[PDB]
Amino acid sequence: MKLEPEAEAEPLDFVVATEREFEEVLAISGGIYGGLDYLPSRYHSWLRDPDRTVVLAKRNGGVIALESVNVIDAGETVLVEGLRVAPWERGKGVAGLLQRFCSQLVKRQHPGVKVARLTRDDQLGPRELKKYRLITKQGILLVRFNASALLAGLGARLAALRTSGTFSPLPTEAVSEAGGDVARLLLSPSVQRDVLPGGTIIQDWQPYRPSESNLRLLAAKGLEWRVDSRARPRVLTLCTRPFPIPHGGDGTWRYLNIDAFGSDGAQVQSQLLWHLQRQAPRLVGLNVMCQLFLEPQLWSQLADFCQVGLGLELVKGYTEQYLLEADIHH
């Protein structure tokens, strides 16, 4: 005897998101990432991405879940983002059904995609470690501060650290994307082997293989870069322009994401400081969640520098960003 497919009293309808559903999507997104959800600020931009499909699950005509798929890596990879189910619909298998629908959609619409990729900060259990390959992992440092408070006291803090011999910023070098410097770094095999984590660029949780096609995607985002030495690169940092996040409920918070690649902690310190100096003036009057992704063995050094040296508040303890990959057809 076979198992008969059983019907649901209220079947799910899967549809492509439009701008009209924005408010219903916010209504399912309360509390996500403790207020660091990017989707409020990014939803409308997602609707314009030519290789992205944003899928909504609906029950009785109302949105109850969302998942985005975006084809990258010259057609070989689908990046899965934003998976969420309304709190009043969780624990029923909705995320599973949505994932199953998006898997069918990708295979139908993008038959050349070979792998799925995603980033994830929850601990990998047996089931998870069985289904995915771990490409790489970065440590996550999350600190917060009032930008005007940082601006007022930073100079004096730096002077105290210099006078005491505790810290003086090491020289860093300019990186111009328009002038070709980013391509020279990211298309270098030695940079890919020795600097990038798992040979991968991670930018604001989004993984990219280091290729010309992906560099075009990065160049449209207005990133800022810094390096220790263009001639002999060992530490490369990438700052994503800050954007509003729902934390605090009051509109005063911005999210500043910095990805750091390489093993020299002193250079990560000096480059972090450079990015903070570049970004903080435009953030006067606002509050900042600053999240730095870096090689794990540097976390403690950077946490101390941020807290004690720079007077920023540590939001939480150590966690990790996992980059995971699975074959599409198994």
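So that the term is clear: the rigid core is the largest set of C-alpha atoms that superpose within 1.5 Å between two forms. Residue numbers run from 1 along the displayed sequence.
Once the structures in 4 other deposited structures of this protein are superposed via the core, the pair 6-14 and 20-28 is resolved in favour of 6-14 as the more displaced stretch (C-alpha RMS). The deposited model assigns a higher average Cα B-factor to 7-15 than to the other stretch when 7-15 and 315-323 are compared. Of the two stretches examined, 109-117 and 185-193, the record assigns the greater average C-alpha temperature factor to 109-117. For the set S148, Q104, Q206, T237, the PDB entry puts the maximum C-alpha B factor at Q104.
Residue-level inspection of the entry shows that, of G139, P242, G180, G248, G248 has the top Cα B-factor. Per-chain ranking of the deposited C-alpha B factor places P40 in the lowest third. Per the PDB record, residue ranking by Cα B-factor puts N287 in the lowest third of the chain. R59: CA B factor in the highest third of modelled residues in this chain (values from the PDB entry). Among all modelled residues in its chain, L298 ranks in the middle third by Cα B-factor. For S229, the recorded CA temperature factor ranks within the lowest third of the chain's modelled residues.
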